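Text of input_18.pdb (PDB, C-alpha atoms and all ligand atoms) as supplied:
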```
ATOM      1  CA  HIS A   4      23.879  53.033  30.887
ATOM      2  CA  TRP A   5      26.440  50.620  29.475
ATOM      3  CA  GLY A   6      29.887  50.238  30.955
ATOM      4  CA  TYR A   7      32.425  47.673  32.108
ATOM      5  CA  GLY A   8      31.046  46.840  35.534
ATOM      6  CA  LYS A   9      29.440  43.593  36.697
ATOM      7  CA  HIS A  10      25.963  44.959  36.096
ATOM      8  CA  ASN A  11      26.429  46.853  32.842
ATOM      9  CA  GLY A  12      29.456  45.208  31.248
ATOM     10  CA  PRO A  13      29.987  43.395  27.916
ATOM     11  CA  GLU A  14      27.686  40.483  28.806
ATOM     12  CA  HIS A  15      24.764  42.917  29.185
ATOM     13  CA  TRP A  16      25.254  45.025  26.090
ATOM     14  CA  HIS A  17      23.108  42.881  23.799
ATOM     15  CA  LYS A  18      19.944  43.971  25.608
ATOM     16  CA  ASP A  19      20.251  47.550  24.374
ATOM     17  CA  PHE A  20      22.451  46.712  21.335
ATOM     18  CA  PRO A  21      21.293  43.425  19.794
ATOM     19  CA  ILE A  22      24.030  43.632  17.175
ATOM     20  CA  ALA A  23      26.300  42.557  20.050
ATOM     21  CA  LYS A  24      25.461  38.964  18.987
ATOM     22  CA  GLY A  25      25.975  39.764  15.319
ATOM     23  CA  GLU A  26      27.886  38.113  12.531
ATOM     24  CA  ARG A  27      30.961  40.338  12.493
ATOM     25  CA  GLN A  28      31.657  41.485  16.046
ATOM     26  CA  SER A  29      34.988  42.525  17.525
ATOM     27  CA  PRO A  30      37.395  41.930  19.089
ATOM     28  CA  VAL A  31      38.410  38.352  18.198
ATOM     29  CA  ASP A  32      41.193  35.979  19.070
ATOM     30  CA  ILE A  33      43.780  35.890  16.268
ATOM     31  CA  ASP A  34      44.818  32.234  15.800
ATOM     32  CA  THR A  35      48.207  32.776  14.169
ATOM     33  CA  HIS A  36      48.359  29.285  12.779
ATOM     34  CA  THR A  37      44.944  29.608  11.055
ATOM     35  CA  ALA A  38      45.356  33.157   9.663
ATOM     36  CA  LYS A  39      46.319  32.900   6.006
ATOM     37  CA  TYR A  40      49.047  34.869   4.317
ATOM     38  CA  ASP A  41      47.481  36.888   1.497
ATOM     39  CA  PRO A  42      50.161  37.803  -1.071
ATOM     40  CA  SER A  43      47.732  40.205  -2.742
ATOM     41  CA  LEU A  44      47.593  42.422   0.347
ATOM     42  CA  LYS A  45      49.323  45.734  -0.408
ATOM     43  CA  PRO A  46      51.703  47.394   2.017
ATOM     44  CA  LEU A  47      49.998  49.640   4.490
ATOM     45  CA  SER A  48      50.401  53.395   3.969
ATOM     46  CA  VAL A  49      50.331  55.424   7.189
ATOM     47  CA  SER A  50      50.722  59.138   6.424
ATOM     48  CA  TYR A  51      50.732  61.066   9.690
ATOM     49  CA  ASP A  52      53.296  63.806   9.002
ATOM     50  CA  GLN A  53      50.580  66.480   8.723
ATOM     51  CA  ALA A  54      48.511  65.200  11.661
ATOM     52  CA  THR A  55      46.897  67.974  13.693
ATOM     53  CA  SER A  56      45.923  66.861  17.188
ATOM     54  CA  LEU A  57      43.527  69.096  19.064
ATOM     55  CA  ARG A  58      42.249  67.862  22.369
ATOM     56  CA  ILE A  59      42.231  64.981  24.805
ATOM     57  CA  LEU A  60      38.928  63.927  26.370
ATOM     58  CA  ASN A  61      37.936  61.552  29.199
ATOM     59  CA  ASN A  62      34.584  60.263  27.864
ATOM     60  CA  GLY A  63      33.747  57.977  30.763
ATOM     61  CA  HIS A  64      34.994  54.772  29.116
ATOM     62  CA  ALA A  65      38.447  55.734  27.834
ATOM     63  CA  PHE A  66      40.331  58.888  26.881
ATOM     64  CA  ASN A  67      40.352  60.009  23.232
ATOM     65  CA  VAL A  68      43.061  62.133  21.595
ATOM     66  CA  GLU A  69      41.115  63.939  18.820
ATOM     67  CA  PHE A  70      42.478  65.236  15.515
ATOM     68  CA  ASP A  71      41.372  67.780  12.928
ATOM     69  CA  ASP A  72      39.735  65.539  10.293
ATOM     70  CA  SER A  73      38.167  68.328   8.240
ATOM     71  CA  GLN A  74      40.911  67.880   5.604
ATOM     72  CA  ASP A  75      43.154  65.010   4.472
ATOM     73  CA  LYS A  76      45.913  65.654   7.032
ATOM     74  CA  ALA A  77      46.665  62.258   8.575
ATOM     75  CA  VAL A  78      45.452  59.313   6.531
ATOM     76  CA  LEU A  79      45.599  55.571   6.281
ATOM     77  CA  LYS A  80      45.467  53.813   2.912
ATOM     78  CA  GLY A  81      46.671  50.657   1.243
ATOM     79  CA  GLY A  82      46.760  47.278   2.864
ATOM     80  CA  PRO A  83      43.274  45.769   2.503
ATOM     81  CA  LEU A  84      41.763  49.197   1.960
ATOM     82  CA  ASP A  85      40.244  50.816  -1.076
ATOM     83  CA  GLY A  86      40.268  54.545  -0.659
ATOM     84  CA  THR A  87      41.453  57.101   1.856
ATOM     85  CA  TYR A  88      40.634  56.948   5.545
ATOM     86  CA  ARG A  89      41.189  60.024   7.778
ATOM     87  CA  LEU A  90      42.451  59.842  11.326
ATOM     88  CA  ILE A  91      39.842  61.224  13.714
ATOM     89  CA  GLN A  92      40.987  59.990  17.135
ATOM     90  CA  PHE A  93      42.958  57.394  19.027
ATOM     91  CA  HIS A  94      42.319  55.786  22.396
ATOM     92  CA  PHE A  95      43.371  52.749  24.438
ATOM     93  CA  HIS A  96      41.856  49.839  26.321
ATOM     94  CA  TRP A  97      43.785  48.550  29.340
ATOM     95  CA  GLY A  98      43.630  46.300  32.357
ATOM     96  CA  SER A  99      43.884  46.449  36.129
ATOM     97  CA  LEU A 100      46.835  44.009  35.872
ATOM     98  CA  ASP A 101      49.612  43.716  33.292
ATOM     99  CA  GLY A 102      48.313  40.295  32.212
ATOM    100  CA  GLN A 103      45.097  41.651  30.735
ATOM    101  CA  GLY A 104      43.799  44.712  28.971
ATOM    102  CA  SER A 105      43.865  44.102  25.246
ATOM    103  CA  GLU A 106      40.680  43.457  23.289
ATOM    104  CA  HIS A 107      42.159  41.348  20.517
ATOM    105  CA  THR A 108      44.244  38.397  21.686
ATOM    106  CA  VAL A 109      46.944  36.448  19.797
ATOM    107  CA  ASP A 110      46.755  32.685  20.277
ATOM    108  CA  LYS A 111      44.674  33.571  23.367
ATOM    109  CA  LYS A 112      47.487  35.769  24.745
ATOM    110  CA  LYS A 113      46.256  39.024  26.296
ATOM    111  CA  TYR A 114      48.442  42.147  26.220
ATOM    112  CA  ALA A 115      48.441  44.886  28.893
ATOM    113  CA  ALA A 116      46.673  47.343  26.630
ATOM    114  CA  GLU A 117      45.629  47.997  23.046
ATOM    115  CA  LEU A 118      45.771  51.260  21.087
ATOM    116  CA  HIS A 119      43.089  51.972  18.469
ATOM    117  CA  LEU A 120      43.893  54.621  15.820
ATOM    118  CA  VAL A 121      40.510  55.372  14.285
ATOM    119  CA  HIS A 122      40.050  56.393  10.648
ATOM    120  CA  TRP A 123      36.922  56.989   8.531
ATOM    121  CA  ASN A 124      36.419  56.496   4.775
ATOM    122  CA  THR A 125      36.343  59.920   3.114
ATOM    123  CA  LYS A 127      33.941  58.741   0.422
ATOM    124  CA  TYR A 128      31.225  58.944   3.108
ATOM    125  CA  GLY A 129      31.794  62.600   3.964
ATOM    126  CA  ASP A 130      31.701  62.488   7.746
ATOM    127  CA  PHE A 131      32.248  60.051  10.600
ATOM    128  CA  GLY A 132      28.564  59.720  11.456
ATOM    129  CA  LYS A 133      27.768  58.599   7.911
ATOM    130  CA  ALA A 134      30.800  56.324   7.736
ATOM    131  CA  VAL A 135      29.810  54.248  10.780
ATOM    132  CA  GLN A 136      26.629  53.313   8.953
ATOM    133  CA  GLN A 137      28.626  51.550   6.216
ATOM    134  CA  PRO A 138      30.347  48.124   6.148
ATOM    135  CA  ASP A 139      33.575  49.738   4.947
ATOM    136  CA  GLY A 140      33.162  52.979   6.819
ATOM    137  CA  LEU A 141      36.040  52.768   9.295
ATOM    138  CA  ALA A 142      39.581  51.432   9.354
ATOM    139  CA  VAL A 143      40.982  50.921  12.851
ATOM    140  CA  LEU A 144      44.703  50.293  13.314
ATOM    141  CA  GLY A 145      45.151  48.220  16.473
ATOM    142  CA  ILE A 146      48.495  48.125  18.276
ATOM    143  CA  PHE A 147      49.253  46.005  21.300
ATOM    144  CA  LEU A 148      51.108  47.340  24.338
ATOM    145  CA  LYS A 149      53.313  45.189  26.564
ATOM    146  CA  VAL A 150      54.887  46.381  29.799
ATOM    147  CA  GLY A 151      58.660  46.734  29.706
ATOM    148  CA  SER A 152      60.658  49.743  28.560
ATOM    149  CA  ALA A 153      59.049  53.172  28.482
ATOM    150  CA  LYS A 154      57.688  54.546  25.214
ATOM    151  CA  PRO A 155      59.001  58.156  24.923
ATOM    152  CA  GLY A 156      56.386  58.946  22.331
ATOM    153  CA  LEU A 157      53.649  58.147  24.827
ATOM    154  CA  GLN A 158      54.864  60.304  27.662
ATOM    155  CA  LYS A 159      53.102  63.503  26.571
ATOM    156  CA  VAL A 160      49.817  61.592  26.822
ATOM    157  CA  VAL A 161      50.700  60.174  30.251
ATOM    158  CA  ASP A 162      51.607  63.585  31.586
ATOM    159  CA  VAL A 163      48.294  65.252  30.703
ATOM    160  CA  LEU A 164      46.080  62.543  32.267
ATOM    161  CA  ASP A 165      45.958  64.348  35.639
ATOM    162  CA  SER A 166      44.103  67.156  33.917
ATOM    163  CA  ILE A 167      41.321  64.873  32.623
ATOM    164  CA  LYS A 168      40.898  62.536  35.557
ATOM    165  CA  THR A 169      37.132  62.359  35.437
ATOM    166  CA  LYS A 170      34.363  61.853  32.913
ATOM    167  CA  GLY A 171      33.672  64.932  30.774
ATOM    168  CA  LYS A 172      37.005  66.628  31.369
ATOM    169  CA  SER A 173      39.015  67.710  28.331
ATOM    170  CA  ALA A 174      42.306  69.499  27.790
ATOM    171  CA  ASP A 175      44.050  71.143  24.863
ATOM    172  CA  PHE A 176      46.414  68.614  23.256
ATOM    173  CA  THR A 177      48.002  70.161  20.206
ATOM    174  CA  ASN A 178      51.111  69.207  18.302
ATOM    175  CA  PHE A 179      51.117  65.565  19.348
ATOM    176  CA  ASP A 180      52.752  63.280  16.765
ATOM    177  CA  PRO A 181      51.065  59.877  16.518
ATOM    178  CA  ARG A 182      54.028  58.456  14.618
ATOM    179  CA  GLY A 183      55.663  58.068  18.031
ATOM    180  CA  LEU A 184      53.188  55.303  18.885
ATOM    181  CA  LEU A 185      53.997  53.033  15.907
ATOM    182  CA  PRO A 186      56.189  49.936  16.148
ATOM    183  CA  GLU A 187      59.046  49.363  13.695
ATOM    184  CA  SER A 188      57.220  46.831  11.566
ATOM    185  CA  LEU A 189      53.861  47.374   9.890
ATOM    186  CA  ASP A 190      53.193  43.608   9.349
ATOM    187  CA  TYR A 191      49.548  43.037  10.193
ATOM    188  CA  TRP A 192      46.471  40.783  10.369
ATOM    189  CA  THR A 193      43.187  42.030   8.954
ATOM    190  CA  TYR A 194      39.529  41.051   9.174
ATOM    191  CA  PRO A 195      36.064  42.637   8.940
ATOM    192  CA  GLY A 196      34.564  43.545  12.291
ATOM    193  CA  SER A 197      32.872  46.119  14.469
ATOM    194  CA  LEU A 198      33.251  48.866  17.015
ATOM    195  CA  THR A 199      34.117  47.237  20.352
ATOM    196  CA  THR A 200      31.928  49.597  22.411
ATOM    197  CA  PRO A 201      28.219  50.327  21.923
ATOM    198  CA  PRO A 202      26.751  50.895  19.396
ATOM    199  CA  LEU A 203      28.923  47.973  18.227
ATOM    200  CA  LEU A 204      28.311  48.869  14.586
ATOM    201  CA  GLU A 205      29.698  46.440  11.994
ATOM    202  CA  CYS A 206      31.563  49.061  10.042
ATOM    203  CA  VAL A 207      35.218  48.366  10.704
ATOM    204  CA  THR A 208      38.042  46.951   8.638
ATOM    205  CA  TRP A 209      40.443  45.920  11.406
ATOM    206  CA  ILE A 210      44.203  46.084  10.766
ATOM    207  CA  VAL A 211      46.023  44.715  13.863
ATOM    208  CA  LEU A 212      49.799  45.063  13.938
ATOM    209  CA  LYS A 213      51.832  41.984  14.749
ATOM    210  CA  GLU A 214      54.567  43.891  16.602
ATOM    211  CA  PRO A 215      53.571  45.333  19.985
ATOM    212  CA  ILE A 216      55.042  48.528  21.416
ATOM    213  CA  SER A 217      56.387  48.503  24.935
ATOM    214  CA  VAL A 218      55.399  50.955  27.664
ATOM    215  CA  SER A 219      56.707  51.184  31.210
ATOM    216  CA  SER A 220      54.939  50.071  34.325
ATOM    217  CA  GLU A 221      54.867  53.717  35.462
ATOM    218  CA  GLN A 222      53.178  54.743  32.216
ATOM    219  CA  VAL A 223      50.374  52.140  32.417
ATOM    220  CA  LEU A 224      49.976  52.853  36.157
ATOM    221  CA  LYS A 225      49.004  56.378  35.236
ATOM    222  CA  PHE A 226      46.311  55.063  32.887
ATOM    223  CA  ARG A 227      44.905  53.150  35.837
ATOM    224  CA  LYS A 228      44.572  56.315  37.905
ATOM    225  CA  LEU A 229      41.924  57.740  35.619
ATOM    226  CA  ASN A 230      38.270  57.645  36.673
ATOM    227  CA  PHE A 231      35.116  56.269  34.955
ATOM    228  CA  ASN A 232      33.044  58.603  37.160
ATOM    229  CA  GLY A 233      32.523  62.328  36.929
ATOM    230  CA  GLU A 234      33.969  64.828  39.393
ATOM    231  CA  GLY A 235      32.244  64.763  42.781
ATOM    232  CA  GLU A 236      30.949  61.215  42.304
ATOM    233  CA  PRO A 237      32.253  58.096  44.059
ATOM    234  CA  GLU A 238      35.627  57.156  42.620
ATOM    235  CA  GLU A 239      35.674  54.209  40.244
ATOM    236  CA  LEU A 240      39.067  53.612  38.698
ATOM    237  CA  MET A 241      39.111  53.394  34.904
ATOM    238  CA  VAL A 242      40.566  49.907  34.462
ATOM    239  CA  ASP A 243      39.535  46.824  32.498
ATOM    240  CA  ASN A 244      37.731  48.840  29.867
ATOM    241  CA  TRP A 245      38.081  46.057  27.313
ATOM    242  CA  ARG A 246      35.548  43.794  25.611
ATOM    243  CA  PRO A 247      36.569  40.114  25.460
ATOM    244  CA  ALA A 248      37.029  38.116  22.264
ATOM    245  CA  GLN A 249      33.840  37.412  20.302
ATOM    246  CA  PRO A 250      32.997  34.459  18.022
ATOM    247  CA  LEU A 251      34.807  34.591  14.673
ATOM    248  CA  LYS A 252      31.818  33.019  12.923
ATOM    249  CA  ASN A 253      32.054  33.118   9.139
ATOM    250  CA  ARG A 254      35.256  35.156   8.862
ATOM    251  CA  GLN A 255      38.856  34.551   7.864
ATOM    252  CA  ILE A 256      41.733  36.578   9.311
ATOM    253  CA  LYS A 257      44.359  37.402   6.680
ATOM    254  CA  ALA A 258      48.074  38.048   7.295
ATOM    255  CA  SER A 259      50.225  40.496   5.372
ATOM    256  CA  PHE A 260      53.316  38.417   6.131
TER
HETATM  257  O1  LIG A 301      32.304  56.476  18.261
HETATM  258  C1  LIG A 301      31.783  55.590  18.937
HETATM  259  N1  LIG A 301      30.567  55.759  19.500
HETATM  260  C2  LIG A 301      29.815  57.003  19.369
HETATM  261  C3  LIG A 301      29.227  57.271  18.001
HETATM  262  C4  LIG A 301      29.453  58.487  17.363
HETATM  263  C5  LIG A 301      28.906  58.752  16.114
HETATM  264  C6  LIG A 301      28.123  57.802  15.485
HETATM  265  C7  LIG A 301      27.889  56.589  16.105
HETATM  266  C8  LIG A 301      28.436  56.326  17.354
HETATM  267  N2  LIG A 301      32.388  54.384  19.232
HETATM  268  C9  LIG A 301      33.639  53.912  18.751
HETATM  269  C10 LIG A 301      34.265  54.644  17.743
HETATM  270  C11 LIG A 301      35.466  54.212  17.224
HETATM  271  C12 LIG A 301      36.057  53.048  17.705
HETATM  272  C13 LIG A 301      35.487  52.276  18.730
HETATM  273  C14 LIG A 301      34.250  52.737  19.241
HETATM  274  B1  LIG A 301      36.490  51.007  19.029
HETATM  275  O2  LIG A 301      36.223  49.763  18.292
HETATM  276  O3  LIG A 301      36.849  50.667  20.422
HETATM  277  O4  LIG A 301      37.674  51.626  18.400
HETATM  278  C15 LIG A 301      37.326  52.406  17.275
HETATM  279 ZN    ZN A 302      38.815  50.949  20.992
END
```
Could you spell out this file's structure in structure tokens?
Ligand SMILES: O=C(NCc1ccccc1)Nc1ccc2c(c1)[B-](O)(O)OC2
Ligand SMILES: [Zn+2]
Amino acid sequence: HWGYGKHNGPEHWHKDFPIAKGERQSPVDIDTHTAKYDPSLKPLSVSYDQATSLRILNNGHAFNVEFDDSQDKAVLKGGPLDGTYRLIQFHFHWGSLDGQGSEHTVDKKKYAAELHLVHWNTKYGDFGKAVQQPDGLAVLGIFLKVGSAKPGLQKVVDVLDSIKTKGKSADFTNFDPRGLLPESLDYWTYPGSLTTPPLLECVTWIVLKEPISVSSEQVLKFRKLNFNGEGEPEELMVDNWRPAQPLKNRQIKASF
């Protein structure tokens, strides 16, 4: 099936998922000089104080920290959004080297990794229904640069040994996602898609301008994960990012 290798990577996805060459695919390069400030954009509202994390899962392409989304516990609203979007999971994309790893780029600059906090529009009832709608998901993207350690990320780094291979999961309760947010919530926003198959065009992207910094030891642990399942040849989970896609007929808006 699809993956990030030379024979099943991003350049091959369109064969099974034709929407890969669609009109609103992600990620994209954010040209900071061309993005336009939109004074009508409302401040973003990130309400994670009641977040209830449950489990962490290695799904063969990344690791997802899953949350209880059966009630409005952790939600994203405001900004370009109409309505309430519930946090369901977060995951990262990262590189084999500190100079690459993010999906979105800023003036062609690549960051070491990119965090995606995934939320679905409650007016659609469940995640599966939401991904079938143009305004079904809101994904908050946060860049990671290598420098100082991020204390709020250490609990995630420490449990990775327990989910080294595809299909492994571990209990992961009481994790506070507020510890992964930068100081500023200034952002860029545009309509796009999931960045892994099925590449559905159901995402309002909100990418924060301020990156968070993580230590080299922290990202090294990400790179020790495996794409393969236990007992299979070891393939390190690195470079699980899709490159920038054509912007086509879209405008990126800035909140600042
Ligand atoms: O959930 C995904 N696939 C499986 C699936 C389940 C249910 C219905 C349809 C598909 N993919 C996916 C989900 C969320 C995000 C991304 C990819 B992302 O853009 O990297 O970050 C946000
Ligand atoms: Zn992602």
Cut-off 12 Å, only C-alpha atoms and all ligand atoms, neighbours of ligand ZN 302 (chain A) as a ChimeraX atom specification:
/A:29-30,64-68,92-97,104-107,116-122,142-147,197-201,203,207,209,211,244-247
Using 8 Å as the limit and counting all atoms listed in the file, can you tabulate each residue of stretch 49-89 of chain A that touches stretch 156-179 of chain A, with its shortest atom-to-atom distance in Å and the two atoms involved, as a tab-separated table?
```
residue	atom	partner	partner_atom	distance
A:55	CA	A:178	CA	6.4
A:56	CA	A:177	CA	4.9
A:57	CA	A:177	CA	4.7
A:58	CA	A:176	CA	4.3
A:59	CA	A:174	CA	5.4
A:60	CA	A:173	CA	4.3
A:61	CA	A:170	CA	5.2
A:62	CA	A:170	CA	5.3
A:63	CA	A:170	CA	4.5
A:68	CA	A:176	CA	7.5
```
Counting only C-alpha atoms, which residues sit no farther than 10 Å from the position (40.8, 46.1, 3.0) in the file's frame? I'd like them as a VMD selection string.
chain A and resid 44 to 45 47 80 to 86 139 142 193 to 195 207 to 210
Would you mind exporting the chosen residues as a tab-separated table (two decimals), in the frame of the given file, restricted to C-alpha atoms?
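Generated output (selection11.tsv):
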```tsv
chain	number	residue	atom	x	y	z
A	44	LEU	CA	47.59	42.42	0.35
A	45	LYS	CA	49.32	45.73	-0.41
A	47	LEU	CA	50.00	49.64	4.49
A	80	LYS	CA	45.47	53.81	2.91
A	81	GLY	CA	46.67	50.66	1.24
A	82	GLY	CA	46.76	47.28	2.86
A	83	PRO	CA	43.27	45.77	2.50
A	84	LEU	CA	41.76	49.20	1.96
A	85	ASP	CA	40.24	50.82	-1.08
A	86	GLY	CA	40.27	54.54	-0.66
A	139	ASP	CA	33.58	49.74	4.95
A	142	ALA	CA	39.58	51.43	9.35
A	193	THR	CA	43.19	42.03	8.95
A	194	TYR	CA	39.53	41.05	9.17
A	195	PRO	CA	36.06	42.64	8.94
A	207	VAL	CA	35.22	48.37	10.70
A	208	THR	CA	38.04	46.95	8.64
A	209	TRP	CA	40.44	45.92	11.41
A	210	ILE	CA	44.20	46.08	10.77
```
Around all the atoms of stretch 239-249 of chain A listed in the file, draw an axis-aligned box and extend it by 3 Å on each of the six sides; I want its centre and edge lengths in Å to one decimal, as AutoDock Vina command-line options.
```
--center_x 37.2 --center_y 45.8 --center_z 30.3 --size_x 12.7 --size_y 22.8 --size_z 25.9
```
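Going from atom CA of residue A:5 to atom CA of residue A:250 covers 20.9 Å.
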Resolved residues for the PyMOL selection byres (((chain A and resi 125-128) around 8) and not hetatm) as a PyMOL selection string:
chain A and resi 86-89+123-124+129-131+133-134+140
Polymer residues at most 12 Å from residue A:219, only C-alpha atoms, same-chain spacing of 3 or more positions, as a ChimeraX atom specification:
/A:101,115-116,148-158,161,216,222-226
